[PDB]
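Worksheet for the structure shown next.
2 protein chains.
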Amino acid sequence: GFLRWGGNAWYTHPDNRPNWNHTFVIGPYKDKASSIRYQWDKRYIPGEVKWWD
Amino acid sequence: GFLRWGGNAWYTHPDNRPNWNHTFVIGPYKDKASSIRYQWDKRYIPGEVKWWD
């Protein structure tokens, strides 16, 4: 879907309402991009914030 | 360099001050992305506006 102009959680905070697709893996960890738990836990490291804020 | 938050001419109008590199070809046409004249002339076609507004 398209991210809202007012505010979205993507780290670049786009404001052009872009079409966007992202896959999470509900289950065991496989990679950082698709792991909600990894991103959530490492939210205290700005350098690891590459997908969702 | 990094595009200004207030306003830039990239068609997505980013507001995260991203580092940005773009090459123009000063001389004969080679491709649409690097041709100022092509982009300028075709500015009446929204679908051809893929690099600079």
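Residue numbers (the entry's author numbering), protein chains in the order written: chain I, 320 to 372; chain A, 320 to 372. Just so it is clear, CB atoms sit at the ideal spot from N, CA and C, and this is done for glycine as well.
- At least one C-beta of chain A is nearer than 9 Å to the C-beta of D334 (chain I).
- At the C-beta level, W370 (chain I) and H332 (chain I) stay beyond 9 Å of one another.
- In the three-state reduction of the DSSP assignment, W359 (chain A) falls in the helix class, which pools H, G and I.
- For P337 (chain A), the nearest beta carbon of chain I is closer than 9 Å to its own beta carbon.
- Under DSSP, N338 (chain A) forms a beta bridge with A:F321.
- When the five nearest sequence neighbours on each side are left out, the beta carbons in the same chain lying within less than 8 Å of the beta carbon of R356 (chain I) are those of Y348, in order along the chain.
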